[PDB]
Visitor: 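Here it is, the structure in full.
In this chain, residues are counted from 1 in sequence order. In what follows, every heavy atom counts, from backbone to side chain, and hydrogens, waters and symmetry copies are set aside.
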Amino acid sequence: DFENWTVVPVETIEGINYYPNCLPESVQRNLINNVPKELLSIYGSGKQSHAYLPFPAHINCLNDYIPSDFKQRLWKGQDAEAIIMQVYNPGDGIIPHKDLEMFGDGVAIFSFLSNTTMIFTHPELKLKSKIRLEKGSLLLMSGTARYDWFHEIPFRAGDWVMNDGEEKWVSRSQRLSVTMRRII
Ligand SMILES: O=C(O)CCC(=O)C(=O)O
Ligand SMILES: [Fe+3]
């Protein structure tokens, strides 16, 4: 598949900003301790959970780790209004998509528990790009990244990851994302 396509660096995609080790461990633990225990079930397919403001502190504090320059530029200096928490047990993913127009520009994703791989697709350009979303990271998607490209998480139970010159198949563990957006 995709023999007509090129894989380019994620840096070539305007409006993708990635911040490894954005959340202190203390913040990650406080959030995870405070999610309903049913949400983190290891069995079958990961569950999801919509939350609407006012958010409790263990969520709401995530607003503080979204860079101010992003919120000013796109969110009117304000904080997130809609939040979705999604669990991914090994083998879970999401098909390529662009986020719904009801949200307008600037999407923040916080990652918890374990690492995964997200793939960006531009069918008109015939390009792919990939980013490793690590535990504790923040991904901001806006502009070209958010309107021009699709994103997905492949449905599989590991990812090939290149590190220190070697490539290994890193098994997936349970992963939780928190996606923070505004309604336009
Ligand atoms: O959970 C993720 O990392 C991606 C979620 C997503 O793409 C979405 O909420 O539209
Ligand atoms: Fe999305």
Side-chain angles (χ1 to χ4, degrees), residues 1-2 4-24 27-28 31 48 50-53 55 59-86 88 92-156 159-162 175-184:
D1 286 25
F2 301 115
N4 283 1
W5 295 51
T6 307
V7 188
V8 297
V10 87
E11 287 73 31
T12 66
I13 307 174
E14 184 275 318
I16 280 165
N17 300 284
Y18 177 77
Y19 304 92
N21 304 113
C22 182
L23 298 176
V27 167
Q28 290 177 58
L31 183 139
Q48 89 177 12
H50 287 81
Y52 296 104
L53 88 189
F55 317 122
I59 303 308
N60 196 44
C61 69
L62 296 171
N63 280 296
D64 299 334
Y65 296 83
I66 306 173
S68 192
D69 61 347
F70 170 102
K71 306 201 273 190
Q72 286 154 27
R73 184 166 78 68
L74 292 172
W75 282 7
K76 307 145 178 298
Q78 309 190 251
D79 280 357
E81 297 154 355
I83 292 176
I84 178 75
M85 313 209 340
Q86 174 73 61
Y88 297 83
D92 288 332
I94 184 158
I95 69 134
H97 69 287
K98 291 159 174 183
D99 283 19
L100 311 168
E101 198 174 62
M102 65 166 298
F103 299 112
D105 204 1
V107 175
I109 305 177
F110 286 101
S111 292
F112 300 83
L113 292 186
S114 66
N115 293 353
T116 197
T117 292
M118 174 171 287
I119 292 166
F120 300 88
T121 295
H122 206 333
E124 195 164 37
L125 269 317
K126 305 279 183 289
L127 303 168
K128 294 281 194 184
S129 192
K130 70 180 174 193
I131 188 163
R132 187 75 178 153
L133 301 186
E134 310 162 276
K135 173 191 183 296
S137 72
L138 166 65
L139 178 68
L140 301 177
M141 262 177 35
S142 64
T144 300
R146 135 104 183 97
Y147 289 114
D148 259 359
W149 286 75
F150 294 89
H151 58 278
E152 76 184 288
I153 285 161
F155 298 89
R156 55 189 193 208
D159 304 283
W160 284 98
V161 173
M162 172 74 74
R175 159 172 188 265
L176 188 142
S177 70
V178 181
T179 294
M180 299 167 73
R181 284 175 297 205
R182 283 180 64 94
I183 317 109
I184 210 62

Visitor: When the ring planes of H151 and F120 are compared, do they come out parallel, tilted or perpendicular, using 30° and 60° as the limits?
Guide: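 Tilted: the ring planes of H151 and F120 meet at 30° to 60°.
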Visitor: Using only atom types and a distance under 3.5 Å, with no angle test, would you say the side chain of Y18 pairs donor to acceptor with the backbone of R132?
Guide: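 Between the backbone of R132 and the side chain of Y18 there is a qualifying donor-acceptor contact (under 3.5 Å).
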Visitor: Go through the structure and list residues passing side chain to side chain donor-acceptor pair (under 3.5 Å) with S68, not counting sequence neighbours.
Guide: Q72
Visitor: Can you establish whether the number of heavy atoms outside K98 located under 6.0 Å from its atom NZ is more than 12?
Guide: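 Correct, the count exceeds 12.
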Visitor: Calculate, to the nearest 0.5 Å, the distance between atoms CD1 and CZ belonging to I109 and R181 respectively.
Guide: 7.5 Å
Visitor: Which value, rounded to the nearest 0.5 Å, describes the distance between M141 atom CE and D99 atom CG?
Guide: 5.0 Å
Visitor: Ignoring hydrogens and angles, state whether a donor on the side chain of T121 or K128 is under 3.5 Å from an acceptor on the partner side chain.
Guide: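 There is such a pair (donor and acceptor under 3.5 Å, judged by atom type) between the side chains of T121 and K128.
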Visitor: Are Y88 and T116 side-chain neighbours, meaning at least one heavy-atom pair lies under 4.5 Å?
Guide: no
Visitor: I would like to know whether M102 and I183 meet side-chain contact (heavy atoms from CB on, under 4.5 Å); could you show each step before the answer?
Guide: CA-CA 6 Å; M102 65 166 298; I183 317 109; 4.1 Å; yes
Visitor: How long is the straight-line distance from CG of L62 back to CZ of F55, given to the nearest 0.5 Å?
Guide: 10.0 Å
Visitor: Considering the options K135, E134, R175, which one meets the side-chain hydrogen bond (donor to acceptor under 3.5 Å, both in side chains) requirement together with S111?
Guide: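 Among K135, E134, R175, the one that satisfies the side-chain hydrogen bond (donor to acceptor under 3.5 Å, both in side chains) with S111 is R175.
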Visitor: Working to the nearest 0.5 Å, report the span between OG1 of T179 and CZ of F103.
Guide: 9.5 Å
Visitor: Report yes or no: does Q48 contribute a side-chain atom to a donor-acceptor pair with the main-chain N or O of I84 at less than 3.5 Å?
Guide: no
Visitor: Mind checking the CG-CG spacing from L176 to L113? Nearest 0.5 Å is all I need.
Guide: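 Interatomic distance, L176 CG to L113 CG, rounded to 0.5 Å: 6.0 Å.
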Visitor: Anything under 30° is parallel, anything over 60° is perpendicular, the rest tilted; go ahead and classify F112 against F110.
Guide: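 It falls in the tilted class, 30° to 60°.
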Visitor: Sequence neighbours excluded, which residues qualify as side chain to side chain donor-acceptor pair (under 3.5 Å) partners of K71?
Guide: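 Listed in chain order: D79.
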